[PDB]
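Presented as structure tokens, the chain that follows is alone, the form deposited in one PDB entry.
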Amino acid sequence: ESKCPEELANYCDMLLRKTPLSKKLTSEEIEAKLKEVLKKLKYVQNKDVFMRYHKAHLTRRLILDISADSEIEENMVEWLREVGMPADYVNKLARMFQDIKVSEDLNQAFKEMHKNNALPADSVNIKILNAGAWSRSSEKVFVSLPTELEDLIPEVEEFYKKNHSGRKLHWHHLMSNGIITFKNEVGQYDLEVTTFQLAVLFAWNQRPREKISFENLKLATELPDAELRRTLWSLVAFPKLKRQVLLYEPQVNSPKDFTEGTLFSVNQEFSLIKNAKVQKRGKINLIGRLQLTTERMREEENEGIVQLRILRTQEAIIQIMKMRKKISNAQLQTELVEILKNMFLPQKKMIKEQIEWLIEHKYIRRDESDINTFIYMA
């Protein structure tokens, strides 16, 4: 069912993203299901919501290489063009695939151009996309990278200049991840980690059996408290796992309870348990939901939907006004609902707020003898 546009965007993501559900379905199953959602779109008033969350999900999926089917993923752009989405929305969507294609060519051009040397050449991938279209947050999450990865920054940077001048790269480490080798005392494993997790774990490299406090990790990592808290939590409390990679001091049930003095240490007995028997070797993905949507990002997305609404309502009202020079509130509301028809449905409260804003800004004015009827002026 899912009437709510956002539930519908999440659902779509659950099908286009590598997920337990995405795995339990064939192309055809997925495909048909993606269409039985777009169909239900013609009954959604606030279409701008689905469009914005769908695009936000698509962004993570392409930036993180987590599409279940490059095919289905791309064919979705036409499926949207069919159900009637605007050519402008659909077109910027198609623009994102182009951007990725352009990014992957630039990836190789780098991998070969640089067979000469920090790391085994090919083991390093890069993705460089335009900010205006791939950035969704104005917030920047900083992280001090371990030398073993910082020596790459200047490499990738020079390569980009002689290719494109007058440009500047902004590292989006929150969206960076990789694989590392954890050499225990029971074995050695390959952990699919988040770059922030990486930075955190590498803090013990010249002090393997040392305990480090939260505060000191914050100094060595330079992560903002919020991020550091959840990153650390994913390492001392990865769900369902029987043995955590990291151990901490006063026990808690929430990363909120960590304090300056909480001590962390590398568990020298970490191991994967395949067949109830310790495994001296193996591979695990500890990224979890660390690179997926957060509550904060949601408030950000909604603020964006609200910004565009207000702007689009102001333009629509003036426009209707720049046509009739005098109109009744009743009449304004209804032919205004029509122009915003394919985006959302403004509520009376917002309209009054805008109209109100328009009066004090001298674009319109109420009638001399009528608290309603508005008169265009200027």
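The term rigid core refers to the maximal set of C-alpha atoms that superpose within 1.5 Å between the two forms. Start at 1 with the first residue shown and count on from there.
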| property | result |
| --- | --- |
| Size class of the missing deposited segment between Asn117 and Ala118 | 1 to 3 |
| Residue stretch of maximal mean CA temperature factor, 221-229 vs 245-253 | 245-253 |
| Which of 81-89 and 197-205 has higher mean CA B factor, as the PDB entry lists it | 81-89 |
| Top residue by Cα temperature factor, when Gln319, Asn342, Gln331, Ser27 are compared in the entry | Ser27 |
| Of the residues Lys47, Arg324, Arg61, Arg309, the one carrying the largest Cα B-factor as recorded | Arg324 |
| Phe159, C-alpha B-factor rank within chain (lowest, middle or highest third) | highest |
| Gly261 by Cα B-factor - lowest, middle or highest third of the modelled chain | lowest |
| Within-chain third of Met51 by Cα B-factor, per the entry | lowest |
| Ranked C-alpha temperature factor of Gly166 among modelled chain residues, by third | highest |
| Chain thirds of CA B-factor: placement of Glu150 | highest |
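The protein also exists as the form deposited in another entry; that form is not presented, and the subsequent description refers to it.
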| property | result |
| --- | --- |
| Core superposition between this form and the one not shown, C-alpha change of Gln307 at least 2 Å | yes |
| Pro208 C-alpha shift between this form and the one not shown of 2 Å or more, rigid core reference | no |
| Rigid core superposition, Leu93 Cα moves 2 angstroms or more between this form and the one not shown | yes |
| Closer or farther in the other entry: C-alpha pair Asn342, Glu73 (3 angstroms or more) | farther |
| Distance trend in the other entry - C-alpha atoms of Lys211 and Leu290, change of 3 Å or more | farther |
